[PDB]
$ cat target.pdb   # PDB, N, CA and C atoms
ATOM      1  N   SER A 267      98.916  41.499  84.433
ATOM      2  CA  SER A 267      99.579  40.242  84.740
ATOM      3  C   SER A 267      98.909  39.126  83.945
ATOM      4  N   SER A 268      99.191  37.876  84.311
ATOM      5  CA  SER A 268      98.711  36.737  83.540
ATOM      6  C   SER A 268      97.196  36.710  83.386
ATOM      7  N   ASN A 269      96.444  37.321  84.307
ATOM      8  CA  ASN A 269      94.991  37.262  84.190
ATOM      9  C   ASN A 269      94.267  38.587  84.418
ATOM     10  N   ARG A 270      94.902  39.623  84.968
ATOM     11  CA  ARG A 270      94.127  40.791  85.364
ATOM     12  C   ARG A 270      94.813  42.064  84.891
ATOM     13  N   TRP A 271      94.012  43.122  84.747
ATOM     14  CA  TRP A 271      94.505  44.434  84.342
ATOM     15  C   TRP A 271      94.328  45.433  85.481
ATOM     16  N   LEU A 272      95.434  46.005  85.943
ATOM     17  CA  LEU A 272      95.407  47.099  86.906
ATOM     18  C   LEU A 272      95.385  48.420  86.145
ATOM     19  N   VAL A 273      94.319  49.191  86.346
ATOM     20  CA  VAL A 273      94.085  50.431  85.609
ATOM     21  C   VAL A 273      95.004  51.512  86.170
ATOM     22  N   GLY A 274      95.652  52.271  85.280
ATOM     23  CA  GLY A 274      96.497  53.365  85.723
ATOM     24  C   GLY A 274      95.740  54.631  86.058
ATOM     25  N   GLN A 275      94.826  55.055  85.186
ATOM     26  CA  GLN A 275      94.012  56.244  85.413
ATOM     27  C   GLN A 275      92.558  55.907  85.124
ATOM     28  N   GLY A 276      91.675  56.248  86.058
ATOM     29  CA  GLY A 276      90.261  56.003  85.841
ATOM     30  C   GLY A 276      89.688  56.948  84.800
ATOM     31  N   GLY A 277      88.701  56.460  84.064
ATOM     32  CA  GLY A 277      88.062  57.262  83.043
ATOM     33  C   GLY A 277      87.301  56.383  82.071
ATOM     34  N   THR A 278      87.018  56.962  80.909
ATOM     35  CA  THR A 278      86.300  56.281  79.842
ATOM     36  C   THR A 278      87.271  55.427  79.039
ATOM     37  N   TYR A 279      86.942  54.148  78.881
ATOM     38  CA  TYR A 279      87.774  53.208  78.146
ATOM     39  C   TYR A 279      86.939  52.475  77.107
ATOM     40  N   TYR A 280      87.513  52.297  75.919
ATOM     41  CA  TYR A 280      86.882  51.508  74.867
ATOM     42  C   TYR A 280      87.409  50.081  74.958
ATOM     43  N   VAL A 281      86.584  49.176  75.477
ATOM     44  CA  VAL A 281      86.985  47.806  75.768
ATOM     45  C   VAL A 281      86.519  46.902  74.637
ATOM     46  N   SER A 282      87.432  46.060  74.154
ATOM     47  CA  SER A 282      87.150  45.060  73.135
ATOM     48  C   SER A 282      87.560  43.686  73.646
ATOM     49  N   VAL A 283      86.676  42.709  73.468
ATOM     50  CA  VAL A 283      86.883  41.346  73.941
ATOM     51  C   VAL A 283      86.487  40.379  72.832
ATOM     52  N   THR A 284      87.257  39.303  72.682
ATOM     53  CA  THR A 284      86.966  38.261  71.706
ATOM     54  C   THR A 284      87.555  36.945  72.188
ATOM     55  N   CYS A 285      86.785  35.864  72.054
ATOM     56  CA  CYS A 285      87.241  34.544  72.481
ATOM     57  C   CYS A 285      86.396  33.467  71.817
ATOM     58  N   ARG A 286      87.016  32.345  71.455
ATOM     59  CA  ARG A 286      86.314  31.261  70.780
ATOM     60  C   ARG A 286      86.195  30.059  71.709
ATOM     61  N   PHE A 287      84.964  29.593  71.919
ATOM     62  CA  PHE A 287      84.707  28.375  72.675
ATOM     63  C   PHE A 287      84.438  27.215  71.729
ATOM     64  N   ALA A 288      85.114  26.099  71.988
ATOM     65  CA  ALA A 288      84.931  24.866  71.241
ATOM     66  C   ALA A 288      84.837  23.711  72.227
ATOM     67  N   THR A 289      84.708  22.502  71.687
ATOM     68  CA  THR A 289      84.719  21.281  72.480
ATOM     69  C   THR A 289      85.733  20.307  71.898
ATOM     70  N   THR A 290      86.489  19.662  72.781
ATOM     71  CA  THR A 290      87.511  18.704  72.382
ATOM     72  C   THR A 290      87.234  17.350  73.018
ATOM     73  N   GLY A 291      87.472  16.289  72.249
ATOM     74  CA  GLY A 291      87.338  14.931  72.740
ATOM     75  C   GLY A 291      85.910  14.457  72.910
ATOM     76  N   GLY A 292      85.711  13.142  72.847
ATOM     77  CA  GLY A 292      84.428  12.518  73.091
ATOM     78  C   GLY A 292      83.363  12.926  72.081
ATOM     79  N   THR A 293      82.117  12.636  72.450
ATOM     80  CA  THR A 293      80.970  13.025  71.641
ATOM     81  C   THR A 293      80.625  14.480  71.919
ATOM     82  N   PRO A 294      80.588  15.344  70.906
ATOM     83  CA  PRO A 294      80.243  16.739  71.154
ATOM     84  C   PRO A 294      78.841  16.855  71.715
ATOM     85  N   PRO A 295      78.614  17.799  72.627
ATOM     86  CA  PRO A 295      77.265  17.993  73.170
ATOM     87  C   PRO A 295      76.313  18.558  72.126
ATOM     88  N   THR A 296      75.023  18.535  72.462
ATOM     89  CA  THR A 296      74.008  19.033  71.542
ATOM     90  C   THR A 296      73.820  20.541  71.619
ATOM     91  N   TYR A 297      74.390  21.205  72.625
ATOM     92  CA  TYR A 297      74.080  22.608  72.868
ATOM     93  C   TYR A 297      75.060  23.212  73.865
ATOM     94  N   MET A 298      75.360  24.503  73.698
ATOM     95  CA  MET A 298      75.886  25.300  74.804
ATOM     96  C   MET A 298      75.330  26.716  74.772
ATOM     97  N   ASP A 299      75.283  27.317  75.961
ATOM     98  CA  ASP A 299      74.986  28.730  76.155
ATOM     99  C   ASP A 299      76.175  29.376  76.854
ATOM    100  N   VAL A 300      76.530  30.585  76.419
ATOM    101  CA  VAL A 300      77.773  31.238  76.808
ATOM    102  C   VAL A 300      77.501  32.694  77.157
ATOM    103  N   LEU A 301      78.059  33.136  78.284
ATOM    104  CA  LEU A 301      77.983  34.512  78.754
ATOM    105  C   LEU A 301      79.392  35.056  78.940
ATOM    106  N   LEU A 302      79.602  36.308  78.534
ATOM    107  CA  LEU A 302      80.858  37.006  78.759
ATOM    108  C   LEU A 302      80.644  38.195  79.688
ATOM    109  N   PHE A 303      81.525  38.304  80.681
ATOM    110  CA  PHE A 303      81.399  39.268  81.754
ATOM    111  C   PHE A 303      82.734  39.980  81.906
ATOM    112  N   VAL A 304      82.693  41.206  82.411
ATOM    113  CA  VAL A 304      83.887  41.884  82.899
ATOM    114  C   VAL A 304      83.576  42.391  84.304
ATOM    115  N   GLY A 305      84.551  42.187  85.211
ATOM    116  CA  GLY A 305      84.336  42.433  86.620
ATOM    117  C   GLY A 305      85.527  43.054  87.341
ATOM    118  N   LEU A 306      85.249  43.597  88.530
ATOM    119  CA  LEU A 306      86.271  44.028  89.477
ATOM    120  C   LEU A 306      86.648  42.941  90.473
ATOM    121  N   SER A 307      86.124  41.737  90.311
ATOM    122  CA  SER A 307      86.346  40.659  91.259
ATOM    123  C   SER A 307      86.626  39.396  90.467
ATOM    124  N   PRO A 308      87.293  38.410  91.079
ATOM    125  CA  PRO A 308      87.391  37.089  90.428
ATOM    126  C   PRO A 308      86.030  36.520  90.064
ATOM    127  N   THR A 309      84.994  36.830  90.841
ATOM    128  CA  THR A 309      83.611  36.599  90.452
ATOM    129  C   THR A 309      82.898  37.887  90.068
ATOM    130  N   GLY A 310      83.641  38.899  89.628
ATOM    131  CA  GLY A 310      83.029  40.166  89.245
ATOM    132  C   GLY A 310      82.039  39.969  88.111
ATOM    133  N   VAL A 311      80.843  40.532  88.270
ATOM    134  CA  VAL A 311      79.775  40.312  87.299
ATOM    135  C   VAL A 311      79.107  41.608  86.858
ATOM    136  N   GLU A 312      79.787  42.748  87.012
ATOM    137  CA  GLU A 312      79.060  44.007  86.884
ATOM    138  C   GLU A 312      78.753  44.355  85.428
ATOM    139  N   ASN A 313      79.664  44.086  84.483
ATOM    140  CA  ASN A 313      79.376  44.440  83.091
ATOM    141  C   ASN A 313      79.284  43.173  82.245
ATOM    142  N   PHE A 314      78.062  42.679  82.076
ATOM    143  CA  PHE A 314      77.799  41.558  81.186
ATOM    144  C   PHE A 314      77.567  42.059  79.764
ATOM    145  N   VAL A 315      78.321  41.515  78.801
ATOM    146  CA  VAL A 315      78.470  42.135  77.488
ATOM    147  C   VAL A 315      77.731  41.365  76.394
ATOM    148  N   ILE A 316      77.903  40.046  76.339
ATOM    149  CA  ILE A 316      77.347  39.276  75.228
ATOM    150  C   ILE A 316      77.061  37.852  75.685
ATOM    151  N   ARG A 317      75.914  37.328  75.254
ATOM    152  CA  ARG A 317      75.534  35.942  75.476
ATOM    153  C   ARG A 317      75.088  35.329  74.157
ATOM    154  N   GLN A 318      75.625  34.152  73.847
ATOM    155  CA  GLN A 318      75.279  33.473  72.606
ATOM    156  C   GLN A 318      75.112  31.982  72.851
ATOM    157  N   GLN A 319      74.344  31.345  71.974
ATOM    158  CA  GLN A 319      74.041  29.926  72.060
ATOM    159  C   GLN A 319      74.407  29.237  70.753
TER
ATOM    160  N   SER B 267      94.132  48.735  47.537
ATOM    161  CA  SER B 267      93.832  48.293  46.186
ATOM    162  C   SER B 267      92.408  47.740  46.141
ATOM    163  N   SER B 268      92.068  47.030  45.066
ATOM    164  CA  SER B 268      90.739  46.441  44.961
ATOM    165  C   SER B 268      90.459  45.418  46.055
ATOM    166  N   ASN B 269      91.493  44.785  46.619
ATOM    167  CA  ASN B 269      91.253  43.758  47.629
ATOM    168  C   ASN B 269      92.245  43.768  48.788
ATOM    169  N   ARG B 270      93.164  44.728  48.872
ATOM    170  CA  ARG B 270      94.237  44.636  49.851
ATOM    171  C   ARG B 270      94.611  46.020  50.359
ATOM    172  N   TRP B 271      95.268  46.039  51.516
ATOM    173  CA  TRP B 271      95.770  47.262  52.127
ATOM    174  C   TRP B 271      97.292  47.231  52.157
ATOM    175  N   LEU B 272      97.914  48.320  51.715
ATOM    176  CA  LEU B 272      99.359  48.479  51.813
ATOM    177  C   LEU B 272      99.678  49.272  53.075
ATOM    178  N   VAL B 273     100.418  48.657  53.993
ATOM    179  CA  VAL B 273     100.699  49.284  55.281
ATOM    180  C   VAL B 273     101.755  50.366  55.072
ATOM    181  N   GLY B 274     101.377  51.624  55.307
ATOM    182  CA  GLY B 274     102.333  52.711  55.189
ATOM    183  C   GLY B 274     103.305  52.796  56.345
ATOM    184  N   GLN B 275     102.861  52.445  57.550
ATOM    185  CA  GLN B 275     103.703  52.463  58.740
ATOM    186  C   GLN B 275     103.329  51.290  59.631
ATOM    187  N   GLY B 276     104.317  50.466  59.968
ATOM    188  CA  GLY B 276     104.050  49.332  60.837
ATOM    189  C   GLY B 276     103.732  49.781  62.252
ATOM    190  N   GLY B 277     102.850  49.036  62.907
ATOM    191  CA  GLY B 277     102.461  49.365  64.262
ATOM    192  C   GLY B 277     101.198  48.624  64.653
ATOM    193  N   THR B 278     100.566  49.124  65.712
ATOM    194  CA  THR B 278      99.327  48.558  66.227
ATOM    195  C   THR B 278      98.142  49.227  65.543
ATOM    196  N   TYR B 279      97.212  48.415  65.047
ATOM    197  CA  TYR B 279      96.033  48.907  64.354
ATOM    198  C   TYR B 279      94.790  48.240  64.924
ATOM    199  N   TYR B 280      93.767  49.044  65.201
ATOM    200  CA  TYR B 280      92.471  48.522  65.624
ATOM    201  C   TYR B 280      91.610  48.306  64.387
ATOM    202  N   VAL B 281      91.497  47.058  63.951
ATOM    203  CA  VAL B 281      90.785  46.712  62.728
ATOM    204  C   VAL B 281      89.442  46.091  63.080
ATOM    205  N   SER B 282      88.422  46.442  62.300
ATOM    206  CA  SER B 282      87.080  45.889  62.428
ATOM    207  C   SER B 282      86.665  45.291  61.090
ATOM    208  N   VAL B 283      86.044  44.116  61.139
ATOM    209  CA  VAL B 283      85.592  43.399  59.952
ATOM    210  C   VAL B 283      84.118  43.063  60.120
ATOM    211  N   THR B 284      83.375  43.110  59.016
ATOM    212  CA  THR B 284      81.961  42.760  59.006
ATOM    213  C   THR B 284      81.585  42.235  57.629
ATOM    214  N   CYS B 285      80.999  41.039  57.595
ATOM    215  CA  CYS B 285      80.604  40.408  56.342
ATOM    216  C   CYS B 285      79.330  39.607  56.561
ATOM    217  N   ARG B 286      78.336  39.820  55.702
ATOM    218  CA  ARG B 286      77.049  39.146  55.797
ATOM    219  C   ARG B 286      76.986  38.033  54.759
ATOM    220  N   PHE B 287      76.844  36.792  55.220
ATOM    221  CA  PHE B 287      76.788  35.632  54.344
ATOM    222  C   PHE B 287      75.351  35.140  54.239
ATOM    223  N   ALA B 288      74.864  35.019  53.004
ATOM    224  CA  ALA B 288      73.493  34.605  52.745
ATOM    225  C   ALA B 288      73.466  33.657  51.555
ATOM    226  N   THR B 289      72.264  33.197  51.213
ATOM    227  CA  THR B 289      72.055  32.275  50.105
ATOM    228  C   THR B 289      71.036  32.848  49.132
ATOM    229  N   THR B 290      71.270  32.617  47.842
ATOM    230  CA  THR B 290      70.371  33.049  46.783
ATOM    231  C   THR B 290      69.979  31.861  45.918
ATOM    232  N   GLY B 291      68.693  31.784  45.581
ATOM    233  CA  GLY B 291      68.195  30.786  44.655
ATOM    234  C   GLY B 291      68.190  29.365  45.182
ATOM    235  N   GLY B 292      67.439  28.492  44.513
ATOM    236  CA  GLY B 292      67.395  27.080  44.826
ATOM    237  C   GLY B 292      66.835  26.799  46.213
ATOM    238  N   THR B 293      67.104  25.581  46.679
ATOM    239  CA  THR B 293      66.711  25.173  48.020
ATOM    240  C   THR B 293      67.792  25.586  49.007
ATOM    241  N   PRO B 294      67.486  26.426  49.994
ATOM    242  CA  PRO B 294      68.507  26.812  50.960
ATOM    243  C   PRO B 294      69.017  25.599  51.710
ATOM    244  N   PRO B 295      70.306  25.572  52.037
ATOM    245  CA  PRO B 295      70.856  24.433  52.780
ATOM    246  C   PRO B 295      70.390  24.421  54.228
ATOM    247  N   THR B 296      70.860  23.412  54.961
ATOM    248  CA  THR B 296      70.514  23.279  56.370
ATOM    249  C   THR B 296      71.573  23.858  57.298
ATOM    250  N   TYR B 297      72.747  24.212  56.780
ATOM    251  CA  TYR B 297      73.854  24.617  57.634
ATOM    252  C   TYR B 297      74.872  25.456  56.873
ATOM    253  N   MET B 298      75.295  26.560  57.495
ATOM    254  CA  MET B 298      76.430  27.361  57.051
ATOM    255  C   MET B 298      77.435  27.505  58.181
ATOM    256  N   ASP B 299      78.718  27.509  57.823
ATOM    257  CA  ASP B 299      79.798  27.766  58.771
ATOM    258  C   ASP B 299      80.902  28.548  58.075
ATOM    259  N   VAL B 300      81.184  29.755  58.562
ATOM    260  CA  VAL B 300      82.159  30.636  57.927
ATOM    261  C   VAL B 300      83.212  31.057  58.943
ATOM    262  N   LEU B 301      84.473  31.007  58.518
ATOM    263  CA  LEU B 301      85.612  31.497  59.279
ATOM    264  C   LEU B 301      86.205  32.708  58.569
ATOM    265  N   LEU B 302      86.620  33.705  59.348
ATOM    266  CA  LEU B 302      87.213  34.922  58.816
ATOM    267  C   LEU B 302      88.651  35.074  59.301
ATOM    268  N   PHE B 303      89.520  35.517  58.393
ATOM    269  CA  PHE B 303      90.938  35.663  58.677
ATOM    270  C   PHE B 303      91.454  36.981  58.118
ATOM    271  N   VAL B 304      92.441  37.536  58.811
ATOM    272  CA  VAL B 304      93.247  38.650  58.331
ATOM    273  C   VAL B 304      94.597  38.058  57.946
ATOM    274  N   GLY B 305      94.956  38.171  56.669
ATOM    275  CA  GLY B 305      96.164  37.542  56.188
ATOM    276  C   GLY B 305      97.164  38.514  55.593
ATOM    277  N   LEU B 306      98.409  38.055  55.505
ATOM    278  CA  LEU B 306      99.459  38.771  54.794
ATOM    279  C   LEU B 306      99.611  38.292  53.358
ATOM    280  N   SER B 307      98.805  37.325  52.940
ATOM    281  CA  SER B 307      98.844  36.790  51.587
ATOM    282  C   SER B 307      97.418  36.472  51.174
ATOM    283  N   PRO B 308      97.159  36.346  49.868
ATOM    284  CA  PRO B 308      95.798  35.994  49.427
ATOM    285  C   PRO B 308      95.282  34.693  50.016
ATOM    286  N   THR B 309      96.155  33.726  50.288
ATOM    287  CA  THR B 309      95.769  32.483  50.944
ATOM    288  C   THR B 309      96.112  32.481  52.428
ATOM    289  N   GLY B 310      96.446  33.637  52.993
ATOM    290  CA  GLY B 310      96.908  33.681  54.371
ATOM    291  C   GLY B 310      95.764  33.519  55.358
ATOM    292  N   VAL B 311      96.046  32.846  56.472
ATOM    293  CA  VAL B 311      95.094  32.659  57.561
ATOM    294  C   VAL B 311      95.747  33.101  58.865
ATOM    295  N   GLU B 312      96.629  34.102  58.780
ATOM    296  CA  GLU B 312      97.509  34.429  59.901
ATOM    297  C   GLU B 312      96.730  34.818  61.153
ATOM    298  N   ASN B 313      95.683  35.630  61.015
ATOM    299  CA  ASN B 313      94.918  36.098  62.168
ATOM    300  C   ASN B 313      93.463  35.672  62.003
ATOM    301  N   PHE B 314      93.137  34.478  62.489
ATOM    302  CA  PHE B 314      91.744  34.063  62.559
ATOM    303  C   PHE B 314      91.011  34.922  63.580
ATOM    304  N   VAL B 315      89.879  35.504  63.174
ATOM    305  CA  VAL B 315      89.181  36.498  63.981
ATOM    306  C   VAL B 315      87.861  35.965  64.529
ATOM    307  N   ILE B 316      87.088  35.263  63.701
ATOM    308  CA  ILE B 316      85.778  34.784  64.129
ATOM    309  C   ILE B 316      85.349  33.622  63.243
ATOM    310  N   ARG B 317      84.854  32.564  63.884
ATOM    311  CA  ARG B 317      84.169  31.471  63.211
ATOM    312  C   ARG B 317      82.738  31.434  63.717
ATOM    313  N   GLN B 318      81.782  31.448  62.796
ATOM    314  CA  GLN B 318      80.381  31.454  63.187
ATOM    315  C   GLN B 318      79.605  30.518  62.277
ATOM    316  N   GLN B 319      78.358  30.258  62.655
ATOM    317  CA  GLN B 319      77.519  29.297  61.962
ATOM    318  C   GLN B 319      76.081  29.791  61.916
TER
END
$ encode --input "target.pdb" --output "structure tokens"
Amino acid sequence: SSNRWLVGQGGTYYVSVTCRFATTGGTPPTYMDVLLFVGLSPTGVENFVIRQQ
Amino acid sequence: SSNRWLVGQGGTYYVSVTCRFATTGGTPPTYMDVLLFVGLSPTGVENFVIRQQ
């Protein structure tokens, strides 16, 4: 659906994720830190994949 | 070819790209920013994949 994936058959899956973070409007900040997660919950945090600054 | 792929059959393709950008000679600059695209033309920017710095 618009935000979530319902799995049809459980098993081994090759998951690929990509997303670009930017800033719009005003004075850009001096820094950000970013974490990407995949979860079974709206706050699901079980598979943390990549963090960049 | 030397710089391009001819699609034999249209469909879904899992493509991976990797390019290492560095500097040679002189005084190294203070900043690099590179954007990568998958295009249908030599000047094409149809599928922007990653911008990094």
$ select_by_dssp --input "target.pdb" --residues "chain B" --states "strand (DSSP E or B)" --output "MDAnalysis selection string"
chainID B and resid 300:304 313:318
$ resolve_selection --input "target.pdb" --expression "the PyMOL selection byres ((chain A and name CA) within 12 of (chain B and name CA))" --output "MDAnalysis selection string"
chainID A and resid 280:288 318:319
$ resolve_selection --input "target.pdb" --expression "the PyMOL selection byres ((chain A and resi 313) around 5)" --output "list in words"
residues 303, 304, 311, 312, 314 and 315 of chain A
$ write_last_selection --input "target.pdb" --atoms "N, CA and C atoms" --output "PDB file, keeping the file's coordinate frame"
ATOM      1  N   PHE A 303      81.525  38.304  80.681  1.00  0.00           N
ATOM      2  CA  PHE A 303      81.399  39.268  81.754  1.00  0.00           C
ATOM      3  C   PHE A 303      82.734  39.980  81.906  1.00  0.00           C
ATOM      4  N   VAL A 304      82.693  41.206  82.411  1.00  0.00           N
ATOM      5  CA  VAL A 304      83.887  41.884  82.899  1.00  0.00           C
ATOM      6  C   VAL A 304      83.576  42.391  84.304  1.00  0.00           C
ATOM      7  N   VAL A 311      80.843  40.532  88.270  1.00  0.00           N
ATOM      8  CA  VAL A 311      79.775  40.312  87.299  1.00  0.00           C
ATOM      9  C   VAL A 311      79.107  41.608  86.858  1.00  0.00           C
ATOM     10  N   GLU A 312      79.787  42.748  87.012  1.00  0.00           N
ATOM     11  CA  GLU A 312      79.060  44.007  86.884  1.00  0.00           C
ATOM     12  C   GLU A 312      78.753  44.355  85.428  1.00  0.00           C
ATOM     13  N   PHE A 314      78.062  42.679  82.076  1.00  0.00           N
ATOM     14  CA  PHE A 314      77.799  41.558  81.186  1.00  0.00           C
ATOM     15  C   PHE A 314      77.567  42.059  79.764  1.00  0.00           C
ATOM     16  N   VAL A 315      78.321  41.515  78.801  1.00  0.00           N
ATOM     17  CA  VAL A 315      78.470  42.135  77.488  1.00  0.00           C
ATOM     18  C   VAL A 315      77.731  41.365  76.394  1.00  0.00           C
TER      19      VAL A 315
END
$ atom_distance --input "target.pdb" --atom1 "atom N of residue 269 of chain B" --atom2 "atom CA of residue 308 of chain B"
10.2 Å
$ resolve_selection --input "target.pdb" --expression "the PyMOL selection byres (((chain B and resi 271 and name CA) around 12) and name CA)" --output "list in words"
residues 267, 268, 269, 270, 272, 273, 274, 275, 281, 304, 305, 306, 307 and 308 of chain B
$ atom_distance --input "target.pdb" --atom1 "atom CA of residue 296 of chain A" --atom2 "atom CA of residue 301 of chain B"
21.0 Å
